[PDB]
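Residue-level structure breakdown
Listed below, chain by chain, are the residues.
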Amino acid sequence: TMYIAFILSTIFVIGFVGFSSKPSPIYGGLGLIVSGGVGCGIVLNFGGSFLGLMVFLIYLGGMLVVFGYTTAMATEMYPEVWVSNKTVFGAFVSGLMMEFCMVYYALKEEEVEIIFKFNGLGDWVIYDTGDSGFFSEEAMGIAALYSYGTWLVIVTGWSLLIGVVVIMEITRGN
Amino acid sequence: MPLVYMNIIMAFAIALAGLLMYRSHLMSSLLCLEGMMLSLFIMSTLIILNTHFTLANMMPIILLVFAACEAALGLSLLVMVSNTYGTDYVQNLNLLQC
Amino acid sequence: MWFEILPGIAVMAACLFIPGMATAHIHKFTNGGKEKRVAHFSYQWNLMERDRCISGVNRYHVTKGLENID
Amino acid sequence: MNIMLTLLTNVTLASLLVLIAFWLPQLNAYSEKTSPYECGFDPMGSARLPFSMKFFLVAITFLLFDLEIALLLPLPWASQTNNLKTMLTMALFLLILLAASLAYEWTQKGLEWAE
Amino acid sequence: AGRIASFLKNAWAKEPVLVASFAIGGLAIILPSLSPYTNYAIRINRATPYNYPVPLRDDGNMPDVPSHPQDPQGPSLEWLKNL
Amino acid sequence: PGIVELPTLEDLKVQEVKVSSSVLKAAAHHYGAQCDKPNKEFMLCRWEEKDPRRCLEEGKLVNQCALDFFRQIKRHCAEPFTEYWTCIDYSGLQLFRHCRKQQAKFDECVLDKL
Amino acid sequence: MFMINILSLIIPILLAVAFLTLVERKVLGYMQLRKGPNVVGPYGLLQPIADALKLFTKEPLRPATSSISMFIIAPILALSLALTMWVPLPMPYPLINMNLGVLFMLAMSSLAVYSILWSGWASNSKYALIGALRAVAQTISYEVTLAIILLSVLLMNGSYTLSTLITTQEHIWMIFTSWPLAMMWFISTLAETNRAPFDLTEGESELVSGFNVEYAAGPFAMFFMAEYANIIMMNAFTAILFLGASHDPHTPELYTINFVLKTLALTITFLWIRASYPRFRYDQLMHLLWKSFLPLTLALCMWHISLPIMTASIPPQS
Amino acid sequence: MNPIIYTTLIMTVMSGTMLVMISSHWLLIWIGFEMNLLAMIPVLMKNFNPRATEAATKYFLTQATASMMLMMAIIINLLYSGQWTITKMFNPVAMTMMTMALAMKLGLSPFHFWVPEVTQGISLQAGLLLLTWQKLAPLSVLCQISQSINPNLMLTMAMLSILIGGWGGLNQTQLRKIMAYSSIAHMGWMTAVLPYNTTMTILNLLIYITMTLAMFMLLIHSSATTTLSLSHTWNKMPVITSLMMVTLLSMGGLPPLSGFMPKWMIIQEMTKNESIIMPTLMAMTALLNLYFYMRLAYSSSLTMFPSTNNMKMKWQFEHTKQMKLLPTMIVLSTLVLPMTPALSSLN
Ligand SMILES: CCCCCCCCCCCCCCCCCC(=O)OC[C@H](COP(=O)([O-])OCC[N+](C)(C)C)OC(=O)CCCCCCCCCCCCCCCCC
Ligand SMILES: CCCCCCCCCCCCCCCCCC(=O)OC[C@H](COP(=O)([O-])OCC[N+](C)(C)C)OC(=O)CCCCCCCCCCCCCCCCC
Ligand SMILES: CCCCCCCCCCCCCCCCCC(=O)OC[C@H](COP(=O)([O-])OCC[N+](C)(C)C)OC(=O)CCCCCCCCCCCCCCCCC
Ligand SMILES: CCCCCCCC/C=C/CCCCCCCC(=O)OC[C@H](COP(=O)(O)OCCN)OC(=O)CCCCCCC/C=C/CCCCCCCC
Ligand SMILES: CCCCCCCC/C=C/CCCCCCCC(=O)OC[C@H](COP(=O)(O)OCCN)OC(=O)CCCCCCC/C=C/CCCCCCCC
Ligand SMILES: CCCCCCCC/C=C\CCCCCCCC(=O)OC[C@H](COP(=O)(O)OCCN)OC(=O)CCCCCCC/C=C/CCCCCCCC
């Protein structure tokens, strides 16, 4: 067991609590990068190496632009950190305590949330015994985007081209 | 349902609550908006990998593509708002009244 | 002259030799004098697990054959 | 397991180097020693003030092109399919659309920095 | 063809990188539809046995389905061996 | 909704093939060509029945054919086969490419003796 | 034994970094008609040791306006990722045999981008901020170009595994196969490693040490070590990717010798370029990749997609 | 903005809506919504000004939040069923998330504020396109998934929409805000009748679209964005004011005009399901919409407000641009009550 995926899920939730408490865009980007890396680890443990590395790379690239934009448009004289502001620290502590209550209750007993029913057992037990051979199922499914998924490629390419046109038009001004 | 799904759904809920509760910056709300789709990506790929839905592995990539399309749209609106008002504060988006 | 640059380059080359040679020696040492088994796929991993099971010593690199079947 | 072990090893070595750096040498710090550096004179303003970003549009286009490279990465496995004609057609479709986006931005002067 | 030649000469003097890029792209689009080896690549990818060849139950009317791998019936990779 | 029926430990007993992966990979094409009939029968049973419990006899026959094949190899060409699988075992990927000489000697031994 | 392997990978890399410092000093000196360090030891061999001891026995300071939490983290992250980039490289046996041995490199490089950004922002200084934004622009450009170039070159290979790269380059060299992509990749590696003519983040002439203006003593030495380790690692990556050495399984020492010789040649080429050329301007660098490399890179990507299909030479998946 | 860029953005919005209406996959439906929003934002920001920028920002934030909730609902439904086809959703929590996301997209109460805010922010053509198309698509999705909608939640949101639209339109004086609150009320009516007869929902959608198109084209013709600006139109072209007065009477549900048919059919259908209090309350609450329609009609047509002096030059000049299909919209929005049994053809 070793609870590796569960610990990573807890770290993921902690990073989400941080950048949702929103001290400043710098630390929000830091928390989002941490969350992306930990989610990459989670999905690596679950099986998808390409998907994990892809999401980590995508969010590392995305938060690079956010850093430049917060240096230019979202900065003040004294940027706020988690302990700097009473509201930010309150939200952060509230999120941490809520996560702690959820994890403690789920570990102690099979917690039935008001929304969903979660069973306290092994993420290793939920796995499957069967296995493939001499190819990665995730890799083949992703590569099927070109053999299958012709419609998805068309709509995605058109969406990206239209997005370029749109970002050209919005920032035109005047 | 295992606890990993519980934590991922809790992360999405936290990110959604963060977006719906602004403080000052439009940029921080955009960061919260990006976290929601990160949680959605993780949840979707955890569901797909576990059930061996082979043809569904291309869905998370499209999810990321449209996530960053939305991010680009938000950044464009943010730069326009910043050029208009001098700060990205959401308090300045009050000319229109309900 | 220009050949006094060589000793620094020689030391740097000697330093760069150590990682690869050490890794090869450790692979051979910990895999019974053979190359470390490369299991890029579930089939190869299952081969390694079966090798561990058939060996009877919980080491996959311990290989058994005709003398073991009879 | 091994990747976590080596990440821990590297981070521990870096942290130990930082600890040695910040605790071995003698420290004598006063107000002027730790003041911000502005080539010998006091800074006029604050470094936390907004800093204009003349290539803001190029960053957004970089986001979109990062999406494009994300789409294009699984190509080596996509070449192993039987539908080689369809795979090649769609790959060239994506690359042609990326080229068209670049051409449109270039011709509309999105690559030129703000003055 | 004089106007086209003048345009190409001016572009080659002004934007050789763009000229080379467009030429390479055009070659990459046109050539695959004419090469006779595209079908060979398709057959090579088709001939790769990723999964197990599940046998078929013999009902007595399968003359072209071999009973042994070495029988003359069935696919042959002799074309691939000398390639 | 019913009790799962599981075969006892007694009838799951069979003489295991205790060779290694390198040994199996060395005698792979010859094994496939010689014991094709029981292997194909077992695979057909597995893919039609869709139940591991209904093809135990075919699995035992597959094991018996494999053991007979390896005994037949050992009785005639033990040394070339030992050299071949010793060569194959060294490579991490167990490549046939690096052991062409020993493969040729093993093929010559089996083509004449058997 | 795995910890011993990790130490054997780590410590010689740092030794090579220090002696690369010495080698660059002497090479630049002799290219500039000087001698370089030749006094501290025999042919200056103790100069890296003297510099390291001085830097780690000198006092480090934290600026009054600095954010101390991210001020300390940045050198830690830089050095940790510089050391981590070396685990999947096969010489000829990688320490960690990752199935996707290239996406890990890309992700760790993109993560190592943030070290200089956080060091510059945490310093709370104007020159550090300018260096950080120069890093942002440079990262944008070289990131997109590197992604496409690497995709094409590995598309010629068949997978994202570096041992598979060795097997592919068993007979001939990727430099012979795809030399234009090779030249553009070399430029992209220069930009990625922040070496001249793209040393914009730490441009001494324009900024006073750039992002590490406020870093002194040990923390500065960590940035220097990370930079040189990244230089050697990227040269090794280029050597593996484009200059494929022959591999003998029974005597793998020959591959190690050839790999080290190629890596040293590429690193000396890096130093040669720094000595030879002036410095770019970061907007001119952005226009260099987007307006020159990117179109040709897209064209070459289309060409290298079509070539294996039209020649029936698609590489094996495994 | 270049005309080619404008027309390709409009075509992309329509392509996204068509993708939503023809797709059978939840991922493709979400893709259609995303494409619609992405191409819609510049259409709102076509005429650049702080008001347009703020309206576009608010609309984008609302639609992004709704799309995130919709994708979460899709993922949750996938978890409990392993199905991507758009049918009756297999999880009540996923259904609640999907219903709330689609209500937020449609602007149903209590997710309504962005509708008047954006409508006042953007121009008349942008408001017309917004109302029509962006109500067309999510209602298509809701009609597809109607059989699993929670009647209690749907009717609560519908009644809230009707009440809030009536009160807001009662208070407002700006024509675009009045139109937005009218849209809110009509959306309330349609979503109220949704869990009983999607055919009646489509009929009300068609009638509302026709009336809204006619009203917005008349406002564009008069070039009036406020009540007082509209009060001068009688002195320049009294025909437009009379046609708009008739259209306003129709929008209030007064017989024998076209606007009475949706309310009549919805009341009949809902009464067939042994529901009386809800149809009675919905019928009685529409009197607020009728009141502010009548207040607008008094200012423009039934009375004569003071004019100015340059209206003489405006008399001397003529209206150049023509909005085709405006007479057809005016006819179809006032005089199609006798053709009611065509709803079977709509079925
Ligand atoms: C290539 C390597 C890279 C990494 C290098 C990492 C650093 C390695 C440094 C090794 C040598 C360190 C020597 C001590 C440095 C002291 C610095 C300092 O501030 O000194 C002044 C201070 C002066 O103190 P003070 O008492 O005068 O302070 C008063 C100062 N005023 C008046 C200004 C306020 O000295 C000390 O504090 C005493 C330090 C004693 C030694 C500490 C432990 C050192 C252990 C080193 C290894 C020993 C191995 C075993 C013995 C071998 C013998 C052959
Ligand atoms: C192995 C774990 C190490 C953890 C970090 C420890 C610091 C050293 C890191 C490695 C580098 C070592 C370099 C050489 C040595 C210099 C550093 C060093 O050793 O400094 C020691 C420091 C040095 O003090 P300093 O401030 O003069 O350090 C500068 C040192 N020179 C002069 C050489 C530059 O000394 C002490 O800490 C002595 C007191 C020890 C006991 C108190 C410790 C602090 C308070 C903790 C308890 C608080 C509550 C009390 C009640 C408890 C019960 C309820
Ligand atoms: C309990 C541990 C908590 C650790 C917290 C910090 C790290 C968080 C990330 C998860 C743990 C590390 C990765 C574990 C991987 C487990 C699975 C595994 O071994 O897979 C083998 C695979 C092997 O490669 P493969 O997947 O291609 O091959 C499959 C296996 N074979 C070879 C058999 C086919 O390893 C990898 O793929 C390596 C991926 C490394 C990814 C590292 C991501 C994290 C990077 C840092 C994130 C945080 C940044 C902070 C920035 C600064 C903030 C201040
Ligand atoms: C092709 C994608 C678009 C599909 C149609 C969408 C139309 C509406 C959306 C518009 C977005 C598309 C923008 C891209 C084209 C617009 C760019 C443009 O206007 O100029 C093009 C630009 C102008 O250069 P100059 O005028 O010399 O610059 C002068 C500077 N002083 O030149 C170009 O044409 C570059 C375009 C290169 C890529 C074009 C992509 C289309 C090529 C298709 C070829 C492949 C067809 C496949 C057939 C296969 C046959 C076997
Ligand atoms: C892997 C080891 C190889 C390493 C190669 C190192 C080369 C030697 C070292 C050189 C020092 C590098 C430091 C200098 C960095 C700057 C380099 C540079 O400036 O080059 C960019 C320069 C553009 O800059 P400007 O001229 O100023 O702008 C043009 C304005 N219109 O040129 C480039 O863009 C380079 C890109 C073209 C190179 C590729 C050659 C293309 C030839 C195409 C023919 C082959 C076609 C392929 C197959 C076709 C079908 C058969
Ligand atoms: C095939 C065998 C025969 C070989 C010979 C064939 C070669 C001829 C093939 C067509 C050649 C194409 C020539 C067109 C290039 C010239 C266009 C041009 O000059 O544009 C001018 C202008 C100059 O740049 P400035 O910004 O003004 O510089 C600053 C000045 N102060 O350039 C532009 O405006 C940009 C034009 C759009 C750029 C397009 C680049 C992206 C597309 C290339 C990617 C790869 C090709 C894509 C697929 C190609 C096939 C569809």
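Anything mentioned here points back to the structure above.
Here's what I pulled together on the structure shown here.

**Looking at the nonpolar core**
Soluble globular proteins tend to bury their nonpolar side chains together. Residues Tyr69 of chain A, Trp290 of chain G together with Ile31 of chain H are the most contacted members of the largest nonpolar core, which totals 413 residues. Apart from the residues within four sequence positions on either side, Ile31 of chain H is in contact with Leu152 and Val155 of chain A, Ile62 and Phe66 of chain B together with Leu19 of chain H. Counting residues in hydrophobic clusters, the runner-up holds 27 residues, among them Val23, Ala26, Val62 and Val110 of chain F.

**A closer look at the site of ligand 1**
Taken together, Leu24, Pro25 and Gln26 of chain D together with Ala52, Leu53 and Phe56 of chain G make up the full set of residues adjacent to ligand 1. Separating an oxygen atom of ligand 1 from a backbone N or O atom of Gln26 of chain D is a distance of 3.0 Å. Out of a free accessible area of 1300 Å², ligand 1 has 26% covered by protein chains. For the shell around ligand 1, a count of residues per class yields five nonpolar, one polar and no charged.

**Quick word on the arrangement of the chains**
For the 16 pairs of chains in contact, the largest share of contacts goes to chains D and G. You won't find any contact between chain B and chain E; their C-alpha atoms come no closer than 15 Å. No interface is formed between chain C and chain H, the nearest pair of C-alpha atoms being 25 Å apart.

**Considerations on the state of the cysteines**
All names here are of chain F. All chains considered together, the criterion is met by four disulfides over all chains. Disulfide pairing places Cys45 opposite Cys55 at an S-S distance of 2.0 Å. The sign of the -90 degrees torsion about the S-S bond sets the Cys45-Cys55 disulfide as left-handed. Of this pair, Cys45 sits in helix α3 (residues 36–49) while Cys55 sits in the loop between α3 and α4 (56–90), placing them ten residues apart in sequence. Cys55 shares its class with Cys45; the two are buried. When the bonded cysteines of chain F are counted from the start of the sequence, the pairing works out to 1-4, 2-3, 5-8, 6-7.

**Some details on the interface of chain D and chain G**
Contacts between the two partners involve 68 residues from chain D, matched on the other side by 73 residues from chain G. Each partner contributes to the roughly 6300 Å² buried at the junction of chain D and chain G, and carbon and sulfur atoms together form 77% of this total. Interface area lost by chain D to chain G is led by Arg48, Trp77 and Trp113 of chain D, which between them contribute 10%. Counting across the chain D and chain G interface gives three salt bridges. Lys33 of chain D serves as the salt-bridge partner of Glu59 of chain G, at 3.3 Å between the closest nitrogen and oxygen. The interface formed by chain D and chain G contains ten residue pairs in polar contact. Going through the elements one at a time, α1 (2–23), α2 (56–72), α3 (75–78) and α4 (84–107) of chain D are the ones with two or more residues in the side of chain D that touches chain G. The greatest single-element share of the side of chain D that touches chain G, amounting to 16 residues, is contributed by α1 of chain D. The class makeup of the residues in the side of chain D that touches chain G is 47 nonpolar, 15 polar and six charged.

**Thoughts on the interface of chain C and chain A**
With five residues of chain C at the contact, the number on the chain A side is six residues. A combined buried area of about 410 Å² lies between chain C and chain A, and 65% of that area is made up of carbon and sulfur atoms. Contact with chain A buries surface across chain C, with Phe41, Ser42 and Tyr43 of chain C losing the most and accounting together for 77% of the total. In this structure, the connection of chain C to chain A is made through zero salt bridges. Applying the counting rule to chain C against chain A returns one residue pair in polar contact. When grouped by side-chain class, the residues that make up the side of chain C that touches chain A number two nonpolar, three polar and no charged.

**What about the site of ligand 2?**
Residue and element names in this part refer to chain D. The environment of ligand 2 is made up of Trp23, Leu24, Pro25 and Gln26. Here ligand 2 loses 20% of its free accessible area of 1200 Å² to cover by the protein chains. Considering only residue class, the shell around ligand 2 consists of three nonpolar, one polar and no charged.

**Side note on the pattern of salt bridges**
This structure, assessed with the given rule, holds 22 salt bridges over all chains. Across the pair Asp89 of chain F and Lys34 of chain C runs a salt bridge whose closest N-O atoms are separated by 2.9 Å. Residue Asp89 of chain F is located in helix α4, and its partner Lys34 of chain C is located in the loop between α1 (6–29) and α2 (42–55); the two belong to separate chains. By relative accessible area, which is 6% here, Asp89 of chain F ends up buried. When its relative accessible area of 12% is taken as the criterion, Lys34 of chain C is described as buried. Across the pair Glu54 of chain H and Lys58 of chain H runs a salt bridge, and its minimum N-O distance is 3.0 Å. With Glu54 of chain H and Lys58 of chain H both in helix α3 (residues 50–81), this residue pair falls four residues apart, about one helical turn. Several salt bridges share partner residues, and in doing so they unite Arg134, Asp199, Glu206 and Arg279 of chain G into one network.

Quick notes on the rules
- Residues numbered from 1 in each chain as written, not as in the entry; some residues may be left out.
- Chains lettered and ligands numbered in written order.
- Part of a larger assembly, values for the part shown.
- Heavy atoms only, no water.
- Core = buried A, V, L, I, M, F, W, Y, C linked by side-chain atoms within 4.5 Å.
- Buried < 20%, exposed > 50% of the residue type's maximum accessible area, 1.4 Å probe, protein only.
- Contact = heavy atoms within 4.5 Å.
- Near = heavy atom within 4 Å.
- Polar contact = N/O pair within 3.5 Å; in protein donor to acceptor, adjacent residues only side chain to side chain.
- Areas by Shrake-Rupley, 256 points an atom, 1.4 Å probe, with all protein chains shown as cover.
- Nonpolar A, V, L, I, M, F, W, Y, C, P; charged D, E, K, R; others polar.
- Disulfide = S-S within 2.5 Å.
- Helix = DSSP H or I, 4+ residues; strand = E, 2+ residues; numbered from the N terminus.
- Buried area = accessible area lost by both parts, 1.4 Å probe.
- Salt bridge = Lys/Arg side-chain N within 4 Å of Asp/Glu carboxyl O.

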